[PDB]
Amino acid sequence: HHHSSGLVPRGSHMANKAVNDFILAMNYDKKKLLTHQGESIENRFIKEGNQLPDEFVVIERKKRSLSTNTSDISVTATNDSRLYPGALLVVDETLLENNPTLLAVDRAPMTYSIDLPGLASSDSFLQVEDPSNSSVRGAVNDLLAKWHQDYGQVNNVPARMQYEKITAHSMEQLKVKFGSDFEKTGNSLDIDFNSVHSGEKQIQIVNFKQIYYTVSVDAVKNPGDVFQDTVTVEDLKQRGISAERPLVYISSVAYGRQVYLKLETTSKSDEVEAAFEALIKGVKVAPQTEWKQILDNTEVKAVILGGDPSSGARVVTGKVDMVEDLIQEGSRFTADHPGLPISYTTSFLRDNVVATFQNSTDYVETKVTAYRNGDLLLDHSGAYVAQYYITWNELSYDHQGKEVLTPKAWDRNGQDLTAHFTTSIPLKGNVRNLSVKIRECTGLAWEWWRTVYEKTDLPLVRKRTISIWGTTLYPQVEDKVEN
């Protein structure tokens, strides 16, 4: 097969065979090529207390790490010309970053299969003579319009739903969860991370993928097979291809609609998970209780990557009312609109093993505990002098995370008071060891003062009215709580 000149003729099968041998000969570490380790910052943390309007919150810190390992690459962009089934990609830092470098060299014909419901055998294959985003998308769209006319109109299809959620802490941890390129849509979601670590909010992120169809490509027998005879080893080298920087092809793409949902509540109820969940499922088993209180304190921002004209709606549907709306909009697929790429997978060209990526990060999980403010009300309408001795500790946290309890005492402590006297003592959630003592002067020489109330560590509640009344010999007291 050798040519007299000793050259390898561009465009000959010998050219393509050298390419095939070039790739087959590459040795590399799949593990090390596709691995990212974030930052190992696993120090020790400080305990802290934060007073805010209607409550006191203690912020505890715990040590967690998030690790992911998947062959599935989620798509953010809406019109990426690099992301078509069969596309050749380079394995780079840029592939890990979901911003890949495409290898646009002369492509050989390729055959694809779509897995659309109600579609037979031979009608599920598409032949694409010169694979590119345009030509492959053009091929499926043709088929879709056909399918649309003898199924998707008639039959409710519907779509394949995949739900996935997490509690937002860092952008970095959101990246390991949803993809290296999540920052774009995370930044559109307005995720107030500040107020998460500062106790003021709890945020969760949920991803809804609705899959209309998937198109994919059979394993390739020879690495050579994807190139025209015009492509040569020199060309691959000119474009930086080597063992150190080998290549994958995308072996399937999932098309449909996908939404990202930010559920942001003010309620530190650290029992938000269920109230968010029931809102997702839309089960509505008596929304006028505890779950209702927190769902009424939920802001919602959503980024939608629909089956519609390719662009992302960034809408802030505001209230949780318009969440069922979203899970419903792309529910059925009729083939009136081909959805867009929602996720894709890649396989090494050398040998077809699917490339799985490995991401990790350490992040700070912040637990939040809320102690609500209350008021202590006092009512004195007895025919006697009384004195109160009201006492407590206000709790705070010093750098070093130790418990600081500084003692306090009501100002009018010890004063004689007579009827009718009423006051109202605001007690913030950081108060501990409440003591209330009330004595009354009976006028008896032998029992000058009688204590009519004496409690310690009086539980802080939203509302406590201690009323006293009656006479010097028959005082009456009521300890009324309201929560």
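We number the residues from 1 along the sequence you see.
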Segment of higher mean CA temperature factor, 349-357 or 196-204: 196-204
Highest mean C-alpha temperature factor of the two stretches 71-79 and 152-160, which is it? 152-160
Looking at the C-alpha B-factor values in the deposited entry, which of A275, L247, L378, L236 comes out highest? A275
For the CA B factor values reported in this entry, which option in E440, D457, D29, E39 has the top one? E39
So where's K209 on the chain's Cα temperature factor ranking, which third? middle
By the record's CA B-factor, is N43 among the lowest, middle or highest third of residues in the chain? highest
Tertile call for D54 (CA temperature factor, within chain, third-based) is the middle
Looking at the C-alpha B-factor of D130, is it in the lowest, middle or highest third of its chain? middle
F227, C-alpha B-factor rank within chain (lowest, middle or highest third): lowest
